[PDB]
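Enquirer: Going by PDB author numbering, 86 is the number at position 80 of the sequence shown; the sequence numbering is gapless. The beta carbon of each residue, even a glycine, is placed where N, CA and C say it ideally should be.
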Amino acid sequence: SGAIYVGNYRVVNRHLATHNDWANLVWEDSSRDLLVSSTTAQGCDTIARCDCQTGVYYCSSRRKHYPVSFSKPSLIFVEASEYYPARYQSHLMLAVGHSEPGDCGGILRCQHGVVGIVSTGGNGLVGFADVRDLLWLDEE
Ligand SMILES: COc1cccc([C@@H]2CCOC[C@@H]2N)c1
Ligand SMILES: [Zn+2]
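1. Which of the three DSSP states is assigned to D136 in this structure?
2. Determine which residues share a DSSP beta bridge with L98 and list them.
3. Is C110 near ligand 2, going by C-beta to nearest heavy atom under 8 Å?
4. Between which two residues does the alpha helix (DSSP H) holding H25 run?
5. Is it the case that the CB of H118 approaches a heavy atom of ligand 2 more closely than 8 Å?
6. For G61, collect the residues of the same chain with a Cβ closer than 8 Å to its Cβ; drop the 5 residues on either side in sequence, then sort them by chain order.
7. Could you tell me if the beta carbon of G122 falls within a distance shorter than 8 Å of some heavy atom in ligand 2?
8. What are the boundary residues of the beta strand (DSSP E) that includes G111?
9. Could you check the C-alpha separation between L140 and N129 for me, to the nearest Å?
10. With 16 other CB atoms within 10 Å as the buried threshold, where does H25 fall?
11. Report yes if the CB atom of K78 is closer than 9 Å to the CB atom of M99, and no otherwise.
12. In the DSSP assignment, what residue or residues form a beta bridge with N19?
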């Protein structure tokens with residue numbers, strides 16, 4: 007589980023979005039596993055605006071933050087899960103590292119701020135949904 011809180015936006019894994027999120031939906035892309043809902047309070051996360059390929063992600067299933075190299079956001083084939091059929095997830099970054107399903111929402115961060123959230127992985131990989139193209143998260 008986990009979320010990014012930037013301005014009056016909450017960014018979650020689409021597959022973990024709650025009832026209030028949809029009701030309060032701003033934007034969702036099933037192909038990115040992202041959902042942004044509206045918030046009453048102001049968030050204090052900074053979104054990275056960069057092409058960093060190194061960062062640190064939180065792994066709830068190890069209670070540990072791991073330094074990782076990761077691929078640039080790409081269209082990647084992702085095996086079926088309980089939440090999605092087998093399909094090409096867009097804007098997805100892979101690293102070698104431990105993840106289990108429940109680690110989705112863990113932040114990946116570089117020196118510039120939040121890069122993305124754990125979305126997929128397994129067999130020693132972890133996939134992160136990029137949020138760094140979502141320039142509108144920083145305004146309105
Ligand atoms: C971060 O998310 C993860 C991490 C590990 C495994 C999975 C699921 C396990 C079931 O088969 C589909 C996926 N590979 C997701
Ligand atoms: Zn960066």
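Expert: If we stick to the structure as given:
1. On the sequence shown, residue 136 is found 130 positions in, with the first residue counted as 1. The answer is strand: DSSP assigns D136 an E or B state.
2. For this step, residue 98 is matched to residue 92 along the sequence shown. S80 and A135.
3. Translated into the one-based positions of the sequence shown, residue 110 becomes position 104. No, ligand 2 has no heavy atom inside 8 Å of this Cβ.
4. Numbered from 1 along the sequence shown, position 19 holds the residue referred to as residue 25. Per DSSP, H25 belongs to the alpha helix (DSSP H) from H25 to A29.
5. The residue labelled residue 118 in the question sits at position 112 within the sequence shown. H118: yes, Cβ under 8 Å from ligand 2.
6. For this step, residue 61 is matched to residue 55 along the sequence shown. Here the set comprises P73, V74, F76, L114, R115, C116 and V121.
7. Your numbering for residue 122 matches position 116 in the sequence shown. Checking every heavy atom of ligand 2 against the Cβ of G122, none is found closer than 8 Å.
8. On the sequence shown, position 105 is the one that residue 111 refers to. Where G111 is concerned, there is no enclosing beta strand (DSSP E), given that its DSSP letter is neither H nor E.
9. Mapped onto the sequence shown, residue 140 falls at position 134. Mapped onto the sequence shown, residue 129 falls at position 123. Roughly 29 Å between the two C-alpha positions.
10. For the purposes of this step, residue 25 is taken as the residue at position 19 of the sequence shown. It is exposed - the Cβ of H25 has fewer than 16 other Cβ atoms within 10 Å.
11. As a working note, residue 78 is residue 72 in the sequence shown. As a working note, residue 99 is residue 93 in the sequence shown. Taking 9 Å as the Cβ cut-off, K78 and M99 qualify as a contacting pair.
12. Residue numbering aside, residue 19 sits at position 13 when the sequence shown is read from its first letter. Answer is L40, bridged to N19.
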